[PDB]
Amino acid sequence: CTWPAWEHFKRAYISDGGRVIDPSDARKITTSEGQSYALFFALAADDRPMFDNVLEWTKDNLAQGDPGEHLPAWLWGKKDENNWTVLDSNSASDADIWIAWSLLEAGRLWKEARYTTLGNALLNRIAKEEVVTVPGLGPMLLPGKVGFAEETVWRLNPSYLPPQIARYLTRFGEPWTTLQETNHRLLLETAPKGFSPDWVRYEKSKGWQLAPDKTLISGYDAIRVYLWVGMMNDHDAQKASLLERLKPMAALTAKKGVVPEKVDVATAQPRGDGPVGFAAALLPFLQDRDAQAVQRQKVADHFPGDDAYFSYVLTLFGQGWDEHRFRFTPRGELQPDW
């Protein structure tokens, strides 16, 4: 009853103490993102021992022992020859959200009230520290607790709140009820050519900043937008509207046979070939049987090695969903494959 790609990921990328190590950083870093993804994959795999191992490392080393009182620091690793510690105390809200959702779903599915308590506390802390009311938009999720909000300009990351997780979180009331609506609009309104940006700015009295720009690109963050949308349950009434908006990414991938590495959000111009992780990330997204099969062949023949954290986690998400390793319900709950 095992998931072999996850078994190997545990052996090759997760320390005995429970931290996900990106081997491609000289500092041998752990990110809150790596931890949150490990929590999700452990829950999908019905792997409570690794879930607890990862969670305990996260709370003690990223959150001063209590994510309910401290948002996890996003970056941890080797600072000096003699000091392995937090490298950046700032948060990353995509990770905070995935941790909170994974805690709530583990508490529900494993019937363990402590996961629920910690997830509820973390979710309230996310709301307190990195959800703000933006004039003209309403409540929005900032990419982190500092550094993305100023008096007249805000910067958002469309990949940071998967639509199905937003749908799930509405069960806890405001601000999650309204955040689901503002997130849906964010995804539709900032993809004027059908490509979602890594990062997008909103300016007071001016609206979204969508003029052509070298930093307004569908790249290594925005690839996950298409992934999240593809993994929505078909009975979520809003999946269709998101697939329709983002359909040019599917058409471009199918035409080329290769997922582009970067696409200019304002002009739709592609450049570069994405890594195997981008191929896997689009498996749930591509609705055409043939285009999907072309990417499936790439993932099968170029499966990521032990030196490729990013392509590996994208592959666990996309190939995992492609292999029915997990599903989401129409409300964004985990539909486990146990």
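In this text, residue numbers run from 1 along the sequence as written.
K.L.:
If you average the CA temperature factors as listed in the entry, which stretch comes out higher, 299 to 307 or 58 to 66?
P.N.:
Higher mean C-alpha B-factor: 58 to 66.
K.L.:
81 to 89 versus 261 to 269: which one carries the higher mean Cα B factor per the record?
P.N.:
Averaged over C-alpha atoms, the B-factors run higher in 81 to 89.
K.L.:
Per the coordinate record, which of the options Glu150, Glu244, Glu181, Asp221 holds the highest CA temperature factor?
P.N.:
Comparing C-alpha B-factors across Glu150, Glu244, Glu181, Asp221, the maximum falls on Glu150.
K.L.:
Out of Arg185, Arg171, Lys193, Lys239, which one has a C-alpha B factor higher than all the others in the entry?
P.N.:
That would be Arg171, according to the entry.
K.L.:
Would the CA B-factor of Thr253 place it in the lowest, middle or highest third of its chain?
P.N.:
Lowest third - that is where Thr253 ends up once the chain's C-alpha B-factors are sorted.
K.L.:
Quick check on the deposited entry: does the C-alpha B-factor of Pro163 sit in the lowest, middle or highest third of its chain?
P.N.:
Tercile = lowest for this residue's CA B-factor.
K.L.:
Name the third of the chain's ranked CA B-factors that contains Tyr226, choosing lowest, middle or highest.
P.N.:
As the PDB entry reports it, the C-alpha B-factor of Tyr226 lands in the lowest third of its chain.
K.L.:
Comparing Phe278 with the other modelled residues of its chain, is its CA B-factor in the lowest, middle or highest third?
P.N.:
For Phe278, whose C-alpha B-factor we compare with every modelled residue in the chain, the answer is the lowest third.
K.L.:
Sorting the chain's CA B-factors, does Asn124 end up in the lowest, middle or highest third?
P.N.:
It belongs to the highest third of the chain when residues are ordered by C-alpha B-factor.
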